[PDB]
Number of protein chains: 4
Amino acid sequence: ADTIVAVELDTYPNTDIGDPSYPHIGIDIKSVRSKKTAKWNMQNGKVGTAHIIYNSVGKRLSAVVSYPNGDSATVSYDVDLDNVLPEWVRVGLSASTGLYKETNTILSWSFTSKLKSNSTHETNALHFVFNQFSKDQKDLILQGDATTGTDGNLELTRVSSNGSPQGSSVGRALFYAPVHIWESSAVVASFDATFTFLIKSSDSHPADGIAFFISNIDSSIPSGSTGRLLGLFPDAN
Amino acid sequence: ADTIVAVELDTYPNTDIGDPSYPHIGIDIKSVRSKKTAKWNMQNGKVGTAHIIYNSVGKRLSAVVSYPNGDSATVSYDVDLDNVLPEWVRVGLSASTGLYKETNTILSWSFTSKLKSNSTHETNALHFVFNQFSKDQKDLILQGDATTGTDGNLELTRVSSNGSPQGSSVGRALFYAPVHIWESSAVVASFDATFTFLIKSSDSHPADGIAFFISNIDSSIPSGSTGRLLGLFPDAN
Amino acid sequence: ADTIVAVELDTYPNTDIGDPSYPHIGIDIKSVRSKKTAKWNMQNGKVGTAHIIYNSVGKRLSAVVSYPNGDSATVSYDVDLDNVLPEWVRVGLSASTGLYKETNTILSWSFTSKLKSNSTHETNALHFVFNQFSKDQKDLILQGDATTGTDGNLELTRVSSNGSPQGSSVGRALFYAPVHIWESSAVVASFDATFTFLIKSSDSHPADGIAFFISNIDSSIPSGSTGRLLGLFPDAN
Amino acid sequence: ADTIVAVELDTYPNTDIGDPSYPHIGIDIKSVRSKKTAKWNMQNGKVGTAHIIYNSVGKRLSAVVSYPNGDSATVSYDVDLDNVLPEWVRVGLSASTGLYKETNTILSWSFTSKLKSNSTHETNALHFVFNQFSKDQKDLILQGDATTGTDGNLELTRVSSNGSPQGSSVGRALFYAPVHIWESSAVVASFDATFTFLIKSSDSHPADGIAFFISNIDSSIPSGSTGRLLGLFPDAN
Ligand SMILES: [Ca+2]
Ligand SMILES: [Ca+2]
Ligand SMILES: [Ca+2]
Ligand SMILES: [Ca+2]
Ligand SMILES: [Mn+2]
Ligand SMILES: [Mn+2]
Ligand SMILES: [Mn+2]
Ligand SMILES: [Mn+2]
């Protein structure tokens, strides 16, 4: 299976697989069952922003999700990602729907990775920012139901012609270039990512969520990873 | 054939195809016959740095090549790259040798493209920098004789076991992700690239040189582009 | 007196001091009489963005001003700023009104200067960006009528309690730190600045305008520089 | 007294004031007696690099110091700097000698602070980099014995005309602009800093060390803060 590290914005509590009994943000290390979660009030129809931060010195993966009214949730988990991730990864955004649904619209996404050595501040780095997506966004690998287009947004999951989200959808967008997430020579390796999103639903309950993830470079959507599995995992173990 | 915009660091004067009769830096738009050249004193075995700068406002492609002793050559050419490049490109480095030879060693390479739009300092951007290359550099597409590895450098053209550069060599390195080099909405599209290089030769004359290039995404080394064509062009037209 | 290089967003034509007979963007080198102008359609009450770009290689100072509907005005002037600016400068924003008036509201301002030297992509650099201004903005030197605060904006010229802009107003905001704008060793000295602005008027004609400027470090608003002199010049020479 | 947060590279063990019995890196929150230390092998005459990283999400101040042979020490301490630092600070480098001495040469220094909000990735930021210092470095406030000059370095403590360091020296360099280190509206505030240094001594033991610090904007060298106090504190409490 793929190796996955992810920060989930999980809009649907699947308490039977260890989600807490509320919408939450979580840090997922090789399992959909988050190593750490925090309560998260998803604001239906509002534009959220998620920031994710790690470096190899503090070894603490942190995420904060906030909305324009000021409400924010934060989660941090102490982990040495050198022991989990492969040296080369792809980075991406993933989302799903199941029996319940929501728009999983990404309005912008930025990522920076840096490997800093012992010379000065000489550095390998990758930084990309999309504040608008294009129709034929050649620097993104879209998987599953994900599309970009003319409104300048990335729809991770399927949205019908009348605008409304669909159930049992899964899709992802990975930056096209592999990322050198660690390198043994480097003194510091850090990454950060930010994405803005608009989760809207008129369902009885929104589901399932959006994740920033880092995977093996050849990562593909696990079969059947709609719903609770966020397009990240083949199962809920 | 391919579409090419390039800044060449041309170490060998091929005066029969329009080179001036001295080593030179030149701006190449869709031909090896540079639209503009400046005399360049290549300092054998010294680490040089090249800076290439363009934006869509001034519409002037500029390059400087310099050495630590302060010697510099500059060339600028007024051109609207919107009418030459496709919207999506790959960026890269190329070098060659022919009857005369040189190492075409790249020590570092950075590139930044930005599209800045109708509104605030919001932006799509790509920035990479390599101050050390890896042995298996997964975010670089190596073509022809280009290799990376263990000394942290990129060797664009063939170098034998005994450290000596080979003749009739041609190699390139392209960044893995396509680059959105222009977009009609953008008020400013800019790019800049820096590379450091070490050209060293024990030949009677060093050849052929090194270029930073921007090409169609599917650009491949043209057949017969060793020597004076710098791995960029199928012919000298 | 002071030394000034400026890009003016000139909302009021003072044809008796060399303005064209339309609102315009212009590049000012040591005089209010712009060396170069382009016609500019100021869209009353709309948020505009200005980008100013210079480097020591192309020696071309360029500016574009644009609005979200896509309308743009560009001006570029070939000038070697090494022979005009002192080595150390302060950078800032200026605006004024006179008999006619307008708000001169700055919503954001960013600036980057870099000196890139004889060797690798090593560098002195300064980058700041304000996307929200604070009430007591300690890294800004406010002069004349300039104020910040609580709406996250910078008001360059006086605005009364009832939200209305005042006449005969002049104000500026300079970044607190001096900027090393050129250095003889540097192979590339570049700067770029972006600001977003909201010029709104209920006057018969809006005036005077907004400029990004670079000055001697000790620059102060010249006496009598309201109105057509944009808070930059002591006279119209 | 001033409020000080610092990362000390402490070359001299003053075990009577709580230093461990070896050279160490430490995190100092309002006291020279580090909240956390790690053993550090200072490499006499070698160029070290120090990286310091904090963000308001993880609330973990981390530092790593390394040298070209690969040896590195790291220290991290969990602290919410919002509860310690004033909103506006200056940032600086500090060093001292006492009865023993060393060169406290800084070869480069970079700093970035960012306040990120809940809009997109809109941000206030300050970033500066010095990879070479100038004689009259107008964007640095030198205090005590600190000087810059023509060799491109910052000597924090006194060095005699023959090149040799002096005892009982203290000096600091602060970036000229105040830094907005936190702001209640921001979702993330982060800072990072890197400096490279060359500590050389021919004494019986080198002393005393170099610190990156963040202080009240009006911070000055406490009287008598040579030696063990690193120019940071009026006393060893
Ligand atoms: Ca769930
Ligand atoms: Ca040639
Ligand atoms: Ca005017
Ligand atoms: Ca000590
Ligand atoms: Mn969950
Ligand atoms: Mn040529
Ligand atoms: Mn004018
Ligand atoms: Mn100590």
# chains A, B, ... in the order shown; residues from 1 in each chain; ligands from 1
call {"tool": "residues_around", "arguments": {"residues": "region 173-186 of chain C", "least_positions_apart": "4", "cutoff": "7 Å", "atoms": "only C-alpha atoms", "output": "number ranges by chain"}}
result
C: 82, 87-94, 113, 115-118, 139-143, 146, 217; D: 138-139, 176-177
call {"tool": "select_by_dssp", "arguments": {"residues": "region 18-211 of chain A", "states": "strand (DSSP E or B)", "output": "ChimeraX atom specification"}}
result
/A:24-29,36-39,47-55,60-66,72-78,88-96,105-116,123-130,140-144,147-149,153-155,159,165,170-175,179-180,188-198,209-211
call {"tool": "closest_atom_pairs", "arguments": {"of": "chain A", "to": "ligand 1", "cutoff": "7 Å", "atoms": "only C-alpha atoms and all ligand atoms", "output": "CSV"}}
result
residue,atom,partner,partner_atom_place_in_ligand_line,distance
A:10,CA,ligand 1,1 (Ca),5.1
A:11,CA,ligand 1,1 (Ca),6.2
A:12,CA,ligand 1,1 (Ca),4.3
A:13,CA,ligand 1,1 (Ca),4.5
A:14,CA,ligand 1,1 (Ca),4.7
A:19,CA,ligand 1,1 (Ca),6.0
A:208,CA,ligand 1,1 (Ca),5.9
A:228,CA,ligand 1,1 (Ca),4.8
call {"tool": "residues_around", "arguments": {"residues": "residue 7 (chain B)", "least_positions_apart": "3", "cutoff": "12 Å", "atoms": "only C-alpha atoms", "output": "ChimeraX atom specification"}}
result
/B:4,10,24-38,50-54,61-65,74-77,91-95,192-195,209-214,230,232
call {"tool": "residues_around", "arguments": {"residues": "residue 206 (chain B)", "least_positions_apart": "5", "cutoff": "6 Å", "atoms": "only C-alpha atoms", "output": "PyMOL selection string"}}
result
chain B and resi 100-102+201
call {"tool": "interface_residues", "arguments": {"of": "chain B", "to": "chain D", "cutoff": "12 Å", "atoms": "only C-alpha atoms", "output": "mmCIF file with N, CA, C and O atoms, in the first residue's frame"}}
result
data_model
loop_
_atom_site.group_PDB
_atom_site.id
_atom_site.type_symbol
_atom_site.label_atom_id
_atom_site.label_comp_id
_atom_site.auth_asym_id
_atom_site.auth_seq_id
_atom_site.Cartn_x
_atom_site.Cartn_y
_atom_site.Cartn_z
ATOM 1 N N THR B 120 -4.782 41.828 -5.679
ATOM 2 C CA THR B 120 -3.622 42.112 -4.734
ATOM 3 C C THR B 120 -2.267 41.483 -5.178
ATOM 4 O O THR B 120 -2.142 41.163 -6.365
ATOM 5 N N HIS B 121 -1.249 41.352 -4.303
ATOM 6 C CA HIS B 121 -0.078 40.440 -4.620
ATOM 7 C C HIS B 121 -0.412 38.926 -4.511
ATOM 8 O O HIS B 121 0.322 38.154 -3.852
ATOM 9 N N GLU B 122 -1.515 38.533 -5.181
ATOM 10 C CA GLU B 122 -1.926 37.131 -5.353
ATOM 11 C C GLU B 122 -1.567 36.656 -6.778
ATOM 12 O O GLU B 122 -1.563 37.418 -7.777
ATOM 13 N N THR B 123 -1.316 35.366 -6.863
ATOM 14 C CA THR B 123 -0.215 34.922 -7.614
ATOM 15 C C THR B 123 -0.304 33.419 -7.762
ATOM 16 O O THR B 123 -0.692 32.746 -6.784
ATOM 17 N N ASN B 124 0.034 32.901 -8.954
ATOM 18 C CA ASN B 124 0.626 31.588 -9.051
ATOM 19 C C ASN B 124 2.130 31.721 -9.172
ATOM 20 O O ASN B 124 2.650 32.703 -9.710
#
call {"tool": "atom_distance", "arguments": {"atom1": "CA of residue 96 (chain D)", "atom2": "CA of residue 216 (chain D)"}}
result
19.8 Å
call {"tool": "closest_residue", "arguments": {"among": "C:5, C:199, C:129, C:42", "to": "residue 72 (chain C)", "atoms": "only C-alpha atoms"}}
result
C:42
call {"tool": "atom_distance", "arguments": {"atom1": "CA of residue 103 (chain A)", "atom2": "CA of residue 158 (chain A)"}}
result
7.9 Å
call {"tool": "atom_distance", "arguments": {"atom1": "CA of residue 152 (chain A)", "atom2": "CA of residue 132 (chain A)"}}
result
4.7 Å
call {"tool": "closest_residue", "arguments": {"among": "A:1, A:73, A:9, A:170", "to": "residue 235 (chain A)", "atoms": "only C-alpha atoms"}}
result
A:1
call {"tool": "residues_around", "arguments": {"residues": "region 67-69 of chain C", "least_positions_apart": "2", "cutoff": "8 Å", "atoms": "only C-alpha atoms", "output": "number ranges by chain"}}
result
B: 118-119; C: 43, 46-49, 65, 71-72
call {"tool": "select_by_dssp", "arguments": {"residues": "region 2-198 of chain D", "states": "helix (DSSP H, G or I)", "output": "list in words"}}
result
residues 15, 16, 17, 81, 82 and 83 of chain D
call {"tool": "closest_residue", "arguments": {"among": "B:188, B:159, B:137, B:220", "to": "residue 70 (chain C)", "atoms": "only C-alpha atoms"}}
result
B:188
call {"tool": "decode", "arguments": {"residues": "region 14-39 of chain D", "atoms": "N, CA, C and O atoms", "output": "mmCIF file, in the first residue's frame"}}
result
data_model
loop_
_atom_site.group_PDB
_atom_site.id
_atom_site.type_symbol
_atom_site.label_atom_id
_atom_site.label_comp_id
_atom_site.auth_asym_id
_atom_site.auth_seq_id
_atom_site.Cartn_x
_atom_site.Cartn_y
_atom_site.Cartn_z
ATOM 1 N N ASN D 14 29.702 27.880 32.674
ATOM 2 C CA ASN D 14 29.673 28.609 33.942
ATOM 3 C C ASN D 14 28.735 27.806 34.831
ATOM 4 O O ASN D 14 27.578 28.157 35.027
ATOM 5 N N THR D 15 29.250 26.669 35.326
ATOM 6 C CA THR D 15 28.432 25.684 36.066
ATOM 7 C C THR D 15 27.887 26.266 37.357
ATOM 8 O O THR D 15 26.883 25.798 37.876
ATOM 9 N N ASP D 16 28.524 27.308 37.860
ATOM 10 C CA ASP D 16 28.031 27.952 39.055
ATOM 11 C C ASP D 16 26.756 28.775 38.819
ATOM 12 O O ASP D 16 26.122 29.208 39.793
ATOM 13 N N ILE D 17 26.384 29.017 37.558
ATOM 14 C CA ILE D 17 25.110 29.659 37.263
ATOM 15 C C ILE D 17 24.207 28.781 36.389
ATOM 16 O O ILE D 17 23.391 29.274 35.651
ATOM 17 N N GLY D 18 24.436 27.472 36.450
ATOM 18 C CA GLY D 18 23.502 26.511 35.920
ATOM 19 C C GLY D 18 23.834 26.020 34.552
ATOM 20 O O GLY D 18 23.108 25.182 34.040
ATOM 21 N N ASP D 19 24.921 26.491 33.927
ATOM 22 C CA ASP D 19 25.313 25.893 32.675
ATOM 23 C C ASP D 19 25.646 24.453 32.943
ATOM 24 O O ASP D 19 26.158 24.149 34.011
ATOM 25 N N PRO D 20 25.438 23.563 31.977
ATOM 26 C CA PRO D 20 25.937 22.223 32.117
ATOM 27 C C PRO D 20 27.451 22.230 31.958
ATOM 28 O O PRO D 20 28.041 23.230 31.576
ATOM 29 N N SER D 21 28.078 21.093 32.187
ATOM 30 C CA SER D 21 29.512 21.137 32.414
ATOM 31 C C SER D 21 30.230 20.962 31.093
ATOM 32 O O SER D 21 31.339 20.441 31.044
ATOM 33 N N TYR D 22 29.605 21.439 30.015
ATOM 34 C CA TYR D 22 30.172 21.383 28.674
ATOM 35 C C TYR D 22 29.636 22.575 27.876
ATOM 36 O O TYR D 22 28.633 23.186 28.244
ATOM 37 N N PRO D 23 30.359 22.959 26.836
ATOM 38 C CA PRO D 23 29.787 23.827 25.803
ATOM 39 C C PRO D 23 28.414 23.277 25.322
ATOM 40 O O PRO D 23 28.222 22.065 25.234
ATOM 41 N N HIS D 24 27.475 24.172 25.053
ATOM 42 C CA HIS D 24 26.108 23.765 24.866
ATOM 43 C C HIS D 24 25.393 24.841 24.084
ATOM 44 O O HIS D 24 25.816 25.980 24.061
ATOM 45 N N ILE D 25 24.323 24.423 23.436
ATOM 46 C CA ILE D 25 23.383 25.333 22.915
ATOM 47 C C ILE D 25 22.236 25.369 23.875
ATOM 48 O O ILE D 25 21.947 24.396 24.519
ATOM 49 N N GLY D 26 21.601 26.504 23.993
ATOM 50 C CA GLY D 26 20.520 26.638 24.929
ATOM 51 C C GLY D 26 19.434 27.597 24.489
ATOM 52 O O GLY D 26 19.661 28.481 23.681
ATOM 53 N N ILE D 27 18.255 27.419 25.080
ATOM 54 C CA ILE D 27 17.108 28.290 24.846
ATOM 55 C C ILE D 27 16.896 29.071 26.137
ATOM 56 O O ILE D 27 16.726 28.486 27.204
ATOM 57 N N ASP D 28 16.969 30.382 26.020
ATOM 58 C CA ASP D 28 16.930 31.290 27.165
ATOM 59 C C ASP D 28 15.663 32.045 27.090
ATOM 60 O O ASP D 28 15.446 32.761 26.160
ATOM 61 N N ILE D 29 14.793 31.856 28.067
ATOM 62 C CA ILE D 29 13.594 32.653 28.162
ATOM 63 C C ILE D 29 13.680 33.511 29.387
ATOM 64 O O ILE D 29 13.506 33.004 30.488
ATOM 65 N N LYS D 30 13.971 34.792 29.180
ATOM 66 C CA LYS D 30 14.065 35.765 30.224
ATOM 67 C C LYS D 30 15.109 35.467 31.277
ATOM 68 O O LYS D 30 15.062 36.020 32.355
ATOM 69 N N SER D 31 16.097 34.648 30.958
ATOM 70 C CA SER D 31 17.110 34.321 31.933
ATOM 71 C C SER D 31 18.248 33.686 31.216
ATOM 72 O O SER D 31 18.024 32.918 30.286
ATOM 73 N N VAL D 32 19.469 33.992 31.667
ATOM 74 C CA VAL D 32 20.653 33.381 31.104
ATOM 75 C C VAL D 32 20.695 31.909 31.469
ATOM 76 O O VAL D 32 21.415 31.147 30.863
ATOM 77 N N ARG D 33 19.916 31.483 32.472
ATOM 78 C CA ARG D 33 19.905 30.105 32.822
ATOM 79 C C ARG D 33 18.899 29.430 31.919
ATOM 80 O O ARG D 33 17.664 29.507 32.174
ATOM 81 N N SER D 34 19.444 28.768 30.901
ATOM 82 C CA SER D 34 18.636 28.204 29.816
ATOM 83 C C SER D 34 17.545 27.304 30.391
ATOM 84 O O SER D 34 17.823 26.501 31.276
ATOM 85 N N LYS D 35 16.343 27.383 29.795
ATOM 86 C CA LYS D 35 15.258 26.468 30.069
ATOM 87 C C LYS D 35 15.585 25.120 29.524
ATOM 88 O O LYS D 35 15.171 24.093 30.044
ATOM 89 N N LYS D 36 16.374 25.089 28.466
ATOM 90 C CA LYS D 36 16.784 23.800 27.878
ATOM 91 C C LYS D 36 18.130 23.978 27.189
ATOM 92 O O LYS D 36 18.380 25.038 26.565
ATOM 93 N N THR D 37 18.974 22.960 27.318
ATOM 94 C CA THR D 37 20.279 22.929 26.694
ATOM 95 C C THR D 37 20.542 21.623 26.023
ATOM 96 O O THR D 37 19.884 20.611 26.297
ATOM 97 N N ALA D 38 21.512 21.624 25.128
ATOM 98 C CA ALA D 38 22.070 20.392 24.590
ATOM 99 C C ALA D 38 23.549 20.548 24.515
ATOM 100 O O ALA D 38 24.042 21.641 24.176
ATOM 101 N N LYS D 39 24.262 19.450 24.691
ATOM 102 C CA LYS D 39 25.689 19.445 24.508
ATOM 103 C C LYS D 39 26.121 19.888 23.088
ATOM 104 O O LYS D 39 25.585 19.430 22.096
#
